[PDB]
Every structure is written in C-alpha cells, then in structure tokens.
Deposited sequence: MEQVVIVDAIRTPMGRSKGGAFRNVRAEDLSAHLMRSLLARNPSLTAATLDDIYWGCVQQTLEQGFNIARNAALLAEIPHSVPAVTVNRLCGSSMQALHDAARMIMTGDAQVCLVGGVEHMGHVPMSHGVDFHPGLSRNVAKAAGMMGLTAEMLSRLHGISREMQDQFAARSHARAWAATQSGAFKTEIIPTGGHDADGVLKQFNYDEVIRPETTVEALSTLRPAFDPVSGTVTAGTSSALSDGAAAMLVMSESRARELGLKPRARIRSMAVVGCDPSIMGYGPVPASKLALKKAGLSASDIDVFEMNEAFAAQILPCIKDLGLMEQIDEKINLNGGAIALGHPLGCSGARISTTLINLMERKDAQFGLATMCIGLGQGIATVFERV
C-alpha cells in the first residue's frame, strides 16, 4: 500500500462570524479560493491528475447545500473531470475527509486528492434548520457539557487561564509571522464595508485577559456553572485545505513531503459525556502508530471548551506538557470552531508547527458532537 504524504496545507483567515470579514463572502468562494490556491502554489501538479476532492461541511443547506465540494471545485475552475464529495462527521468532518482521501490513495484508487473543509457560520448558523428527533432529546446542557470538568476538578479559574492563553498564543503567532506560511490572504470587507484582503485571524482578541474573562457569567447553571462564552470556541467563518498524494507521486513530481500520515483513528463515545472523544481517539491512534503520548512532540487538540479539553489533556497524561507541546499557536477559543473546516485547520496548524519545531511526530485530535472523537498521527519525514 502507498504511504500518504501531505505536500501542502493552507487555510483562510478565521473571520468573525458576527459582522466580520466574510459576512459578504460565500462558503463556496472561501472553498474555491483555497482549492485554486493549492494548485497555484504547486505548479508541478497538473490539475486534471487530481483523483478526487473530499470536503468537510456540516450545515449542508443554503450556500452549503447540494455537495459544496463539487460546487467549489467548479468555481475554482478545476477540470470538470475531477470528482468531489462532501463529508459530514460534525466537528471532525475535514479530518474525516483527510482519512477517506488517504485510504483512497493507500488502496491505489487514487494517487492525488484535495482535502479540506469549510463552515460559514455567519451564513448558515448552527441553529438554522434544526429538527432533532424527539427520541434523542437526552439544566441538561450544563450536566453534559461540564461532566468532565466536574469529574476532573477543572475550575473556572483554570478554564479562564487556558482561554486567555489561547488568545495570547494566537496573537503571538500573528505578530511573529508564524501564521504567514499557512494563511492565504483572502478577500473580505473591513468594518466600513470596503473590500479588504485579510492576512490575519480577525477573530483573535489581543485585549483578552484572565481578569476580563473572570467577569463573565456562566453559560449554564448560574451558581455552579464554570463554562463561559469566553472559554468556549469562538464563532468564526473559514476554510482549510491540503494537497495529499502517494509518496510515489510526490517523488515523481519532485515535491518534498511536509508530513506523512502515520495513523488514523475514529471512535464513538457516550454522548452525554461531552468532549471526551480525544481521549479514546488519541489512545487508538497512538496504539495504531506504535507510539505513546510521550513520543508526540506537538499536539493540536480542538478547543471546543476549556472545560473539556483540559480534562482530556489530564487524562492523556499531558498536563505538565501543555506549554511545551499543546496548541502552541492557540486554538479554537481564539480562532473559532467553523465545524467543517476545523479538522483540516488544526492539521494545517500542526504541520506548520512541526516544521518550525523540527518535530518528528504530531497528533491532531478533536471531540465530535453527539459523542465521537477523531485523531491523526503525523510523521516528519
């Protein structure tokens, strides 16, 4: 079986969904922009040699409906002979896209694929078109969302410190140019309604402090709740993308792999213990890779809530490694959690950090709504 290498990995800026950069830019255009860009940045790839396009997106209606992967590819002027499919495993959708594309390559059904995802939460909000089956109805929000923080004694103060850290790290990455290698300037509109090329994550708040976060009211129970809006993922609009191929094809084309997929895992877990997914998903991915958590040099763990990611970090035995290894350029608290895009976004952030840290192994993992988890171990070379 062929091994699967990532040859390029890019993303849009994360726009503020509530009135920000991409309020007048459609999901298919954010997507098409990255698809076009992946091709443009890699001249040795002839576009018609793409074998498939896998794209994550959750709220598949309105501008995200009717197979956005294909709509975006047509808008990007990728040859119509290249097929395209849209994948939905909620939060993990574009990491799923990576997995299915990689397996298409491993089996020889493909040699090159585009992978990525998008979520335009400003245009197709999570609350839009909801009709949950009565049979899944399952105070209950706090009960479930804070189960892990109650279990692991993760206080409001620890959550606020982690959230302040997310913005501080994302801002330091912005200021130092550390995100320049992954962000493709993308057109949006500034506060005055004027066309603007964005080359930074609008959604990061450099004014964030632990003091200010400490003023906020609990999102759930007013008396015992610890989660706040300030320690939950931001609401952003964005896309992320990767060019993946067999190691053979990369060699033929004379492209240096940026990373290789070492293992992939996806798991179910109890939906009522929200956010636990990364633990069994990461353990399974590590087992499949022949590695332990200690072998991993850089982790990207999606920050849906500080109240959930901290327990996961604690359970994987990583609490003392947070500042050396985990979400080193911040995470979804600062950058947002545009569902469809997040899997490829954290994989893109991870690979760039691996390069800068000269890391041998990286792990990207995330929780998934209604009790799932997904993880990928990446290896450099």
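Taken in order along the deposited sequence, the one stretch absent from the coordinates is 139-144.
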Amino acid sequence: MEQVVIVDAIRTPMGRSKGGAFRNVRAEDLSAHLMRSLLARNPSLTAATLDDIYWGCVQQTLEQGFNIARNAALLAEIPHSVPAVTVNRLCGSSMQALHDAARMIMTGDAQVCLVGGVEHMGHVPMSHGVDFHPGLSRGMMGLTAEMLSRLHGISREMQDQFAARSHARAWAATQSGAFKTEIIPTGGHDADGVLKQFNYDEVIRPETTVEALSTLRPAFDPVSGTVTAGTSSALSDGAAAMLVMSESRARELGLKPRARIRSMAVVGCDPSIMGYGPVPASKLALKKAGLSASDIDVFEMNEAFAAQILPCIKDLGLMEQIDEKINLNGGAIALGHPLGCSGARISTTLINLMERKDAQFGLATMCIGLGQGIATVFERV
From here on, numbers count along this sequence of modelled residues.
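For the segment pair 301-309 and 147-155, the entry gives 147-155 the higher mean B-factor, averaged over Cα atoms. Annotation for 267-275 versus 115-123: the higher mean temperature factor (C-alpha) is found in 267-275. Looking only at 30, 62, 318, 57, the residue with the top Cα B factor in the deposited structure is 318. Set against one another, the Cα B-factors of 242, 223, 90, 286 in the record reach their highest point at 223. Annotation for residue 81: CA B-factor lies in the middle third of the chain's modelled residues. Ranked by C-alpha B-factor against the other modelled residues of its chain, residue 357 falls in the highest third. Residue 178: CA B factor lies in the highest third for its chain, per the PDB record. The deposited CA B-factor of residue 131 belongs to the highest third of values across its chain.
Residue 280: CA B factor in the lowest third of modelled residues in this chain (values from the PDB entry).
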